[PDB]
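Beneath this line is the structure, given in structure tokens, with notes to follow.
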Amino acid sequence: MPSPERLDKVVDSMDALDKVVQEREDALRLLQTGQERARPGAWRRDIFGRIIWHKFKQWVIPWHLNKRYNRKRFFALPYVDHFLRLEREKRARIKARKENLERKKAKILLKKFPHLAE
Amino acid sequence: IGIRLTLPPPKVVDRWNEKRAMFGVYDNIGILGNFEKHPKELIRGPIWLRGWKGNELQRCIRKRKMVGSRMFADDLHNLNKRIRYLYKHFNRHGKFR
Amino acid sequence: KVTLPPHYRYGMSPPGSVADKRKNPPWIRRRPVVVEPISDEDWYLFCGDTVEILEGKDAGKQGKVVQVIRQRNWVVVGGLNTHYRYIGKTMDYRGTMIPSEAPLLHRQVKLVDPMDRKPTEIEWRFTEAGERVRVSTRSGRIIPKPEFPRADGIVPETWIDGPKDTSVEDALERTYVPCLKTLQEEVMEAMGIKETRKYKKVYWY
Amino acid sequence: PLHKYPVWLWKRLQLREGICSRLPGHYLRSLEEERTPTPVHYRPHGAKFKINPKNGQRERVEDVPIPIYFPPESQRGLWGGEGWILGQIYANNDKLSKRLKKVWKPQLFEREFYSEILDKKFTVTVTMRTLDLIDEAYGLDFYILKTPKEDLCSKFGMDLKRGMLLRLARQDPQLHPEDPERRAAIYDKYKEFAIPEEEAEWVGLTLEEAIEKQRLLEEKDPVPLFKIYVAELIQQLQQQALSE
Amino acid sequence: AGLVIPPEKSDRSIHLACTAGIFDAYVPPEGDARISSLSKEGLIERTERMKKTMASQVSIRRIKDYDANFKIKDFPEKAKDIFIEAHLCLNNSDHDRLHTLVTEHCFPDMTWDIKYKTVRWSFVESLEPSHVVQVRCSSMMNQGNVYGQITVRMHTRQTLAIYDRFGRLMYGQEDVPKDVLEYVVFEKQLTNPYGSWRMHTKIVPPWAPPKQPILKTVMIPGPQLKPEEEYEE
Amino acid sequence: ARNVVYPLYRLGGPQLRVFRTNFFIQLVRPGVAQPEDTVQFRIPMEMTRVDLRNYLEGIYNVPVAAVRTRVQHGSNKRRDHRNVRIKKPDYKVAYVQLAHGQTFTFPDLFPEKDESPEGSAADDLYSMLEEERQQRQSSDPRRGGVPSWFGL
Amino acid sequence: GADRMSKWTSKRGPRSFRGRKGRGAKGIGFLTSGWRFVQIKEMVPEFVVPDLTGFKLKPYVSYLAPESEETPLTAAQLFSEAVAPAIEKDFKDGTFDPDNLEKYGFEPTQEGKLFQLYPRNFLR
RNA sequence: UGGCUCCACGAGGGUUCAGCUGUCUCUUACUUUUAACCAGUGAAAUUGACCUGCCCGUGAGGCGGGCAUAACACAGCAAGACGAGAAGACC
RNA sequence: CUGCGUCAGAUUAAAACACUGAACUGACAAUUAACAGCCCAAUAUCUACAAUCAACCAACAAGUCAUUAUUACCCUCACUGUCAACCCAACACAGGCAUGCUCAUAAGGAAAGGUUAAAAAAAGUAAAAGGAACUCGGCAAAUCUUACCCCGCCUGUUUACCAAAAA
RNA sequence: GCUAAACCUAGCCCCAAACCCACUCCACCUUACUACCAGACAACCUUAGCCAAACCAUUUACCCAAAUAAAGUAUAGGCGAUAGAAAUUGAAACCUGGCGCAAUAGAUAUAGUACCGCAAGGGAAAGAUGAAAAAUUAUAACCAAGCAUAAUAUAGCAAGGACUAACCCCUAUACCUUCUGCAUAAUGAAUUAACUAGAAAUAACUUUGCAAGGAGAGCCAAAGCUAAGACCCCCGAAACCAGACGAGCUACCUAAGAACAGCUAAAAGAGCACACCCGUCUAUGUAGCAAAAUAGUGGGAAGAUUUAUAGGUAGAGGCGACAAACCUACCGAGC
Ligand SMILES: [K+]
Ligand SMILES: [K+]
Ligand SMILES: [K+]
Ligand SMILES: [K+]
Ligand SMILES: [K+]
Ligand SMILES: [Mg+2]
Ligand SMILES: [Mg+2]
Ligand SMILES: [Mg+2]
Ligand SMILES: [Mg+2]
Ligand SMILES: [Mg+2]
Ligand SMILES: [Mg+2]
Ligand SMILES: [Mg+2]
Ligand SMILES: [Mg+2]
Ligand SMILES: [Mg+2]
Ligand SMILES: [Mg+2]
Ligand SMILES: [Mg+2]
Ligand SMILES: [Mg+2]
Ligand SMILES: [Mg+2]
Ligand SMILES: [Mg+2]
Ligand SMILES: [Mg+2]
Ligand SMILES: [Mg+2]
Ligand SMILES: [Mg+2]
Ligand SMILES: [Mg+2]
Ligand SMILES: [Mg+2]
Ligand SMILES: [Mg+2]
Ligand SMILES: [Mg+2]
Ligand SMILES: [Mg+2]
Ligand SMILES: [Mg+2]
Ligand SMILES: [Mg+2]
Ligand SMILES: [Mg+2]
Ligand SMILES: [Mg+2]
Ligand SMILES: [Mg+2]
Ligand SMILES: [Mg+2]
Ligand SMILES: [Mg+2]
Ligand SMILES: [Mg+2]
Ligand SMILES: [Mg+2]
Ligand SMILES: [Mg+2]
Ligand SMILES: [Mg+2]
Ligand SMILES: [Mg+2]
Ligand SMILES: [Mg+2]
Ligand SMILES: [Mg+2]
Ligand SMILES: [Mg+2]
Ligand SMILES: [Mg+2]
Ligand SMILES: [Mg+2]
Ligand SMILES: [Mg+2]
Ligand SMILES: [Mg+2]
Ligand SMILES: [Mg+2]
Ligand SMILES: [Mg+2]
Ligand SMILES: [Mg+2]
Ligand SMILES: [Mg+2]
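Same order as they appear, the protein sequences are chains Y, i, V, X, d, U and 9. For any residue, its number in the entry's author numbering is found by taking its place in the first sequence, counting from 1, and adding 125. For any residue, its number in the entry's author numbering is found by taking its place in the second sequence, counting from 1, and adding 31. For any residue, its number in the entry's author numbering is found by taking its place in the third sequence, counting from 1, and adding 11. For any residue, its number in the entry's author numbering is found by taking its place in the fourth sequence, counting from 1, and adding 1. For any residue, its number in the entry's author numbering is found by taking its place in the fifth sequence, counting from 1, and adding 62. For any residue, its number in the entry's author numbering is found by taking its place in the sixth sequence, counting from 1, and adding 1. For any residue, its number in the entry's author numbering is found by taking its place in the seventh sequence, counting from 1, and adding 13.
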């Protein structure tokens, strides 16, 4: 391609323009109502027991009349607690491994370069 | 095959670093300090292995009794299985009776 | 975007080039070279600066650095610490011999005082205005960052506007008048589009 | 590795944080209390020490409660603490015979009760123990207001208690609107259970119900920044004018 | 893939130490072999040519501008010493020191054909002193560097002895010395502070005598013919 | 617009308008023989033929008559060193027919004459290499491998 | 036997699956009796392209431009630049009350507007 | 409640008249495939090591007494290598 | 789910072969809706009489195709499938695979790498005279034969992969 | 001299301390990752069993919130295998570590990826230059098994005594394990490299310390007490129980479809006979084309027929014109 950087420049410029417009819209929304988000949402537990940010959709009938919305479950039964604990323990194992590896790397680096100690 | 063709790099051991120079200090803290401190109070390690000694079954039982509630699910299950296996082995197997 | 393996080793060829791709295939797993960590504030070697080589084939010589690699603490001195390699080599030609430099370390070279050609030790100190500069321990003075050509190779001093380049005055003029309207309704009013029908309220959940 | 805290402390830790931490202190204490319920299916010894007949020595004895299974159908009635007993039995009461699973169930009756405080009639499923407890307490209202939750063992009973406490706190005129004399008579007959309204409003609420109620209380739409900005601007202008 | 161009849009560029060839070709006059015997007339003609060539004097002035402490009267001896040291480096194949005496363009001509051979080269005698035939300099800031070329004439006695891989004699004779006349060019990167004069190329006059024949016989195969193609003279 | 929430519409509702569009299209050379008045585009997957018609009529003032769209499936047969399939993206191809009988052809975006250097270019490395190539000559067969550097 | 590691698209499955699965395009109508598609004109997005004649701006900015420091726009800055002068002028005049915020620019409700701010009913 | 028979039907279990034929007396000729040689590609079961003979005896290529005996490649053969062969059956 | 379309390839392994070598690698291109999928406002109220050329006649197993009264309703052609030498069997497997036409093709393919004609082995053809003498048995092959005994009324079902039977 | 061999990092293990992550825009419970229509649809209920008791049937330890001691005591128990308290007493605690592993080790991990299975699920292997590869003229020598350089000459567990001399001469019944005893024709081994299998201190013995006392609360003591040293393996069943996953094959059923030429006959669970379904006999094949096929010959082929699609019955079970058949290529009880 003759000038590939032109495409990158155009993409960056369009991203900047969209950023400016969205910033103006966000400032106006904060001034008029104060909502930090343009789309309604909520914090709910799914069937798997993890907190999720559910983004609301738009319908024509209220939620209690809706069939598909009512079929979806937003509560977790007690059998997911053990799996949540297992996930937490797995994350703890990964974090501990990362920390120990970082400490080992620091010790090896100090051994190899004495003037880091000095 | 099975043996290295090059000499390993030489290993330098500082016989006079801080730990080697100060190793053994305060081992007689009780004798020389009016018995305010016990030498086993200088033990740094697991909570269940401070000032105590025993075989593998005893160590497993002590660990389960001390920190059993804080262990992860998999580790606790493995500890229970190990205790059962060691119990069976020690109480039901051996040359001597 | 960027596809670099965790232990990708940086070399003379820039990452993503044909030579770099051939040297470091995606599947290669070599021993990671241990590099002394230098903070961004602590690093003080910059392109276009004259530095003297302390150790090597030709020590005590001063040369201007042409390339720097912060990943390996490498500084490449132009025309110094060079070996010779054949280029333009084919099955019928014996090749053209050209010199190519080798990497140097920040400990291997020492920055030199421009007014007194002798290597010195330099620390970062602030000016009266707060601007950060580097001052040497011995015979303290200010050695600013040498001017270096831009990465994109653009020269504002010799820049001529093209048919699709916005003029400076038009790009600088301010037209935004702050108000409490959105771009959509502002443009609708500007273009004269009329919408009388209202939006019936819907259910969000 | 090891957790910082034991697993059984995690419920208290999560009560210490989040929306649970903003619940009323009295409600939190009431939930935290773990007093032992009254024995029903086992007979307490009554003494801390007893003489062992075989060796004639004073040995300490304890009352070990017997586990009770409360089916979900018991939350719509007043069983009075009785429940299903799930256990094992030796055939013919002989240790050398087989061990068989056994389930003991209480006998249930659908009686009609009238509440003087609530001025309403309820048809609930109760037991002979519940009827005896009501007779001992001298009235359904007295029984509900006296027996704690660990003896009521009924969400419906806790709801009745909350309603009665709320009415007593509010001195609600809806109880016999045209007979203030009778309303005052009932209120002074049950005056001994007077509870402040802000504390009676949370009586009998489960953890989920309390969390939902607190979320409803905290549910306020955000105030637009325009109001706060104009308020701070006008305050600054007033202070500047005073300085002038 | 081609290695001609390193990746583009790169600040770093390949640094060069020497030019591709002589900036201005020098044509040796016919009969310089006779002028060699006419030693006095050789000196007179060299002086006259240097005086008459204004470009030579301007180039020398530029060289003095870039390095004032430079002399023309002493350079022939230094050039002879550099020549002899460079040719002696071939005997022990010390390319590390040869890099400091010859140019990167001269190096292939001195190493590629003697990669796998043993050369016993020695300098025995000098018939006529060297003389600076012509001095010329590179264009001003052609790529940011300035080079200078100095032409010298050598008429000296040398010895050549080249052996094959197995040590069998392949070319030359190690005892008898023979006369050699050649024009030697020297190049130096004036702009580079650490640059120095190094032997760069040599000039082969069209009237040069044919070189010494080789020991063995060589067969040159004719044009191989495909079945459809017949032989054509 | 793509990756956005379209507001729900009800009877008597306002006309739906888009002021800034993220739809980007590419005019492409057809790989097979096509009629004169047919132009080929690669368009985003969330774009319909009605949207393409309005897009071309509004932004580019191009009168269109008929639009026909299809979806091309990207090859998934590529496998890397880990033997994991690499997916080429699926893309939507649209064919647009001009309205008033105009004829469109795809011109040559890379003319050979324009590729040829009309101006002068002097690359130092290229000059050095070509000079060395022209100066260096193959060894004379009658020399038989004897180095040509020695003047003796 | 089935490939469960590939994206589930409309090209996979029987006729019902292929005809029912979409590809992301928005709907612009509804199907009535007889499988007849009725298209609603006001559900088709309208590209509001302005008039570009006599436009000074160009896609690329000349490099001969000063580098103004980046200052993100905030609600406080917008309020100070827009409503602060009118509010301070009205305060200096002396006839001010919180019941005139509608005249000052404040919108008590979004209902009855073509462009609601929360939730917004207009596209990008 | 118990016992017999009747027509039709059957890749069901036996038998019969005639014809038929290489089933046989007693096999032969031809064609294809296979096969053997040349060229390309190229497995598996198995395998303690073997420099791996016969007769007689003893408890058999390996022990004892005799006999035999330059080395080696290809195509058949199935007497032996309790041919792992080939697994099953019986207490 | 792109899997013998185009270009290029140090290529070179598809049970051999390859220079255009290629059913391998990299890049580019493609299958355009009329066929098909994706349908339908509400509340009440209708719907005994098969099909079989449906006329004969003859039935039993008794069958595969229907609305009206009223209210509401006038915007219309969007989205998706469309390629191939292809699926299930670890394989470019002599196997398994629904429907409409072609009933032998107008469409689709190649049993033999080259040679010689040893043994043994597989298939086929021909055979003097005899015609079951072979064999547990007319097993196979040839011809188009009759009658009987035992068992089960008969059609049908069963041990996918050693028993199709008298069960 | 070919195949090869070596090459140290990636990271991992055990602790201490400290309480951890989860909205860029859009989509994601319908056939998940699918912009957009009237519903009622909801969780709570003792673990069992293997194993020990040399069978087995009552019974058989399983963190329940303070280290030590009381104490293996009181108690329980086919009073037996075994189980087993409490009152009472009370204890310190400074993460920045290792007489841990170094690519068959250490996590399975380069990755829960490739691949296998309908599904639950199972689950890998590997890398190695150099300061500089913008030095490829480079990461030289030698080293397991297997070959080549370089086939073989009577005779024999292949060796030993020897010899001038390789053989020729004399002597010599392979190894481990199991049985009293084997060369036995009883089991195992083609070869090479790496990995792979004896864990505990009651009593006694040896050497120290102190001594009628020993021991850093508790215990022992009529020379004892305290401390140390030193003894107790690996692999392999048919099985049992709990909780998930399977009726895309097959057994049966439900919904709505499809196919059956020609002839004789008669309104046939009729006959001959294609498509089609099945598989009596023979031959080939037996690591095959095929974990059940091919050629011929056969029964049925308008019916209790064959068959495409969707759905249902799930293992203490289903289904079955009972073959102990079939339930995803080993069903007297699936995975
Ligand atoms: K039959
Ligand atoms: K034989
Ligand atoms: K056997
Ligand atoms: K069967
Ligand atoms: K592994
Ligand atoms: Mg039959
Ligand atoms: Mg053959
Ligand atoms: Mg062959
Ligand atoms: Mg093998
Ligand atoms: Mg022999
Ligand atoms: Mg005998
Ligand atoms: Mg014998
Ligand atoms: Mg013998
Ligand atoms: Mg043979
Ligand atoms: Mg279409
Ligand atoms: Mg249609
Ligand atoms: Mg095959
Ligand atoms: Mg078949
Ligand atoms: Mg052949
Ligand atoms: Mg005959
Ligand atoms: Mg006979
Ligand atoms: Mg006969
Ligand atoms: Mg006979
Ligand atoms: Mg007979
Ligand atoms: Mg027959
Ligand atoms: Mg029958
Ligand atoms: Mg009959
Ligand atoms: Mg069978
Ligand atoms: Mg059969
Ligand atoms: Mg819809
Ligand atoms: Mg709808
Ligand atoms: Mg037992
Ligand atoms: Mg038994
Ligand atoms: Mg206690
Ligand atoms: Mg590993
Ligand atoms: Mg070897
Ligand atoms: Mg012998
Ligand atoms: Mg058992
Ligand atoms: Mg079970
Ligand atoms: Mg089903
Ligand atoms: Mg089925
Ligand atoms: Mg018919
Ligand atoms: Mg029939
Ligand atoms: Mg059947
Ligand atoms: Mg039979
Ligand atoms: Mg038939
Ligand atoms: Mg059946
Ligand atoms: Mg039976
Ligand atoms: Mg039976
Ligand atoms: Mg099975």
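Using N, Cα and C, we set each Cβ at its ideal position, and we do this for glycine too.
Counting C-beta pairs closer than 8 Å gives three or more between the segment 188-204 of chain d and the segment 137-144 of chain d, which meets the contact rule. Using a Cβ distance threshold of 7 Å, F128 (chain 9) and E184 (chain V) do not count as a contacting pair. Neighbourhood of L167 (chain X) in chain i, by CB distance below 9 Å: empty, with the nearest CB roughly 41 Å away.
A direct Cα-to-Cα measurement between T124 (chain X) and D160 (chain X) gives close to 15 Å.
Cβ contact annotation for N77 (chain U) (same chain, cutoff 6 Å, sequence separation greater than five): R86 and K88, in chain order.
The CB of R101 (chain i) comes closer than 7 Å to the CB of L3, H4 and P7 in chain X, given here in chain order. Counting C-beta atoms within 10 angstroms of its own C-beta, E249 (chain d) has 16 or more neighbours from the protein chains shown and is therefore classed as buried.
Ranked by Cα distance from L211 (chain Y), the options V8 (chain X), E209 (chain X) and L32 (chain X) are led by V8 (chain X).
Judged by DSSP secondary structure, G88 (chain X) falls within the beta strand (DSSP E) whose first and last residues are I86 to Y91. In the displayed model, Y95 (chain V) falls within a strand according to three-state DSSP. Ranking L160 (chain d), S75 (chain d) and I212 (chain d) by CA distance to the CA of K133 (chain d) puts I212 (chain d) first.
Remark: three or more beta-carbon pairs, one from each stretch, lie closer than 8 Å, so the segment 21-30 of chain X and the segment 193-209 of chain X are flagged as touching. By the criterion of a C-beta distance shorter than 8 Å, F43 (chain 9) is surrounded in its chain by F50, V51 and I53, once the five residues flanking it on both sides are discounted.
Taking the C-beta atoms as reference points, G82 (chain X) is found no nearer than 7 Å to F71 (chain X). If only complete runs of 4 or more residues are kept, the segment 101-133 of chain d shows the alpha helix (DSSP H) at 101-114 and 116-128, in order along the chain.
Of the candidates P160 (chain V), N35 (chain V), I109 (chain V) and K12 (chain V), the residue whose Cα lies closest to the Cα of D60 (chain V) is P160 (chain V). At a cut-off of 7 Å between C-beta atoms, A152 (chain Y) counts as an interface residue with respect to chain 9.
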